[PDB]
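Participant: Got a structure here, written out as structure tokens. Questions coming.
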Amino acid sequence: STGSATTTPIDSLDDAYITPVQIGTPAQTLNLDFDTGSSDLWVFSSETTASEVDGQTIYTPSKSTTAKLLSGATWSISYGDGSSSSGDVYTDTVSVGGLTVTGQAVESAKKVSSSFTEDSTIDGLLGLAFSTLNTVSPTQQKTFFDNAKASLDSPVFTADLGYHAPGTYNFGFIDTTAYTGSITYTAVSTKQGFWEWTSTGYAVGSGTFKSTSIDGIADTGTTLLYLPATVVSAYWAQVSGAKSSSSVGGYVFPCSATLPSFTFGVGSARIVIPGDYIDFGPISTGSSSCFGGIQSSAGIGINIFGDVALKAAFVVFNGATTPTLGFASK
């Protein structure tokens, strides 16, 4: 089997991408944030505290003839940005782009943090990291991809995120028309539960490539590119007037600037992020100070190849017995 679904930016900045997902019988379609940095499929629901729902579409398990309460199961998750959610668990039929999993754990939120309530466009998350990170207790549950894997034509999914435009998540096949050149594959460590890999270096604009190992995670659920402070400083030094602002929370730059590209290495291959992809717009409405799309990871503990980096590539998440990642230009 295969599946293919369009993923759409939630706003004009590409802050996140939503993909429609069918849950239950009859189907209830929710728009979920596919997140290769986590491993829970959780949704706003009829059980979510009413004051914490503000415009999201909810899953109502009582209206699904295939929903079953997973007795005794609870979940609770905290994300790298400080947001969180928790609740109980159903199993139900879940379909993405024509690919159907029966008995998928659907984690129903009883509580969500304010950032989720305040974003009416995201109805939940669909985790695509390794199932070892799943938070369901006392019996950990498998991700959608883990449940589908054995049925897929090939045990892979691909992320093709658009810049200011829709893109595609495919399951079970590699669309050879969706990229240019070849796909370069690189080793993955699953020891932390992430799609963790080592970039071979970087360049700023037309500058020389610096060969240096940068360990990080491929994370579709993170907006920006978070890299070591040395790398980030070298990038922003090429933008007149750019500076790190402690009050804003990162590097800002004059909105009148033209940003240089940023290149990262994948083996001997190179993925070029155009400068425009690094502009996240005014820090507040009407400001002439703009927020940068490349930021320091120093306060995270890991480097994160988020959407800024991934949307410059066609990315293969190869879930073979020994997982690997693939990157192609497009």
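Residue numbers in this text run from 1 along the chain shown.
Method of determination (from the header): X-ray crystallography, 1.0 Å.
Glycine too: its Cβ is placed from the backbone N, Cα and C atoms.
Take a look at what Swiss-Prot says about it:
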| type | residues | note |
| --- | --- | --- |
| ACT_SITE | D35 | active site |
| ACT_SITE | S199 | active site |
| DISULFID | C255-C290 | disulfide bond |
| DOMAIN | 17-328 | domain 'Peptidase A1' |
Participant: Residues with Cβ closer than 8 Å to the Cβ of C255 (disulfide bond), same chain and 6+ apart in sequence?
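Facilitator: Within the chain, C255 (disulfide bond) has Cβ neighbours under 8 Å at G281, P282, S287, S288, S289, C290.
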Participant: Non-local Cβ contacts of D35 (active site) (under 8 Å, 6 or more apart, same chain)?
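Facilitator: The answer is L125, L126, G127, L128, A129, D219, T220, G221.
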Participant: Going by DSSP, is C255 (disulfide bond) sitting in a helix, a strand, or coil?
Facilitator: coil
Participant: Using DSSP with the three-state reduction, classify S199 (active site) as helix, strand or coil.
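Facilitator: SS state of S199 (active site) = strand.
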Participant: Just how many other Cβ atoms lie inside 10 Å of the Cβ on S199 (active site)?
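Facilitator: Taking all protein chains shown, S199 (active site) has 22 Cβ neighbours within 10 Å.
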